Every structure is written in C-alpha cells, then in structure tokens.
Amino acid sequence: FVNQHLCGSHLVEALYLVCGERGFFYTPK
Amino acid sequence: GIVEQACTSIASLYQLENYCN
C-alpha cells in the first residue's frame with residue numbers, strides 16, 4: 001500500500017490503511 | 001496534487017500521511 005504507484009482506488013485504500021481512526025481527505029484536481 | 005502524482009510516481013508514507021485528518 002506504500003512505496004508504489006497508487007492509481008485510482010488504490011490510493012483510496014492506502015489512505016484508509018495509513019490514516020486509521022483519523023480519516024482522510026481524497027481530492028482529485 | 002497527490003491524486004495525480006501518486007499514479008505517475010512512487011507514493012511515500014509521508015505523502016499519504018499528509019492527507020490524514
């Protein structure tokens with residue numbers, strides 16, 4: 001989930017795992 | 001931002017942590 005290319009939903013899953021109870025912001029530009 | 005850069009380049013732990021609340 002880290003130190004790799006994270007396209008599409010793969011980035012969302014990585015943020016979910018990394019951020020835990022804090023949650024996260026997912027913001028495409 | 002990260003959504004664009006993480007697909008074209010290796011995403012790090014620090015990069016991901018920057019988007020936690």
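Lettering of chains follows the sequences in order, A, B, ..., and the numbering in each one begins at 1.
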Quick check: closest heavy atoms across B/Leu16 and A/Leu6, and the distance to 0.1 Å?
CD2-CD1, 3.9 Å
Most heavy-atom pairs under 4.5 Å with chain B, out of A/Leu17, A/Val2, A/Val18, belong to A/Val18
So which donor and acceptor atoms of chain A and chain B come within less than 3.5 Å of each other?
from	atom 1	to	atom 2	distance (Å)
A/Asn3	N	B/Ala11	O	2.8
A/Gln4	O	B/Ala11	N	2.9
A/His5	ND1	B/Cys7	O	3.0
A/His5	ND1	B/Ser9	N	3.4
A/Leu6	N	B/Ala6	O	2.8
A/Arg22	O	B/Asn21	ND2	3.1
A/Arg22	NE	B/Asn21	O	3.4
A/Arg22	NH1	B/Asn21	O	3.1
A/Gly23	O	B/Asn21	N	3.0
A/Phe25	N	B/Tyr19	O	3.0
A/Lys29	N	B/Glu4	OE2	2.9

Does one hydrophobic cluster hold both B/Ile2 and B/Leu13, with members joined at side-chain heavy-atom distances below 4.5 Å?
yes
In the single-linkage hydrophobic clustering (I, L, V, M, F, W, Y; side-chain heavy atoms under 4.5 Å), do A/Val12 and A/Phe25 co-cluster?
no
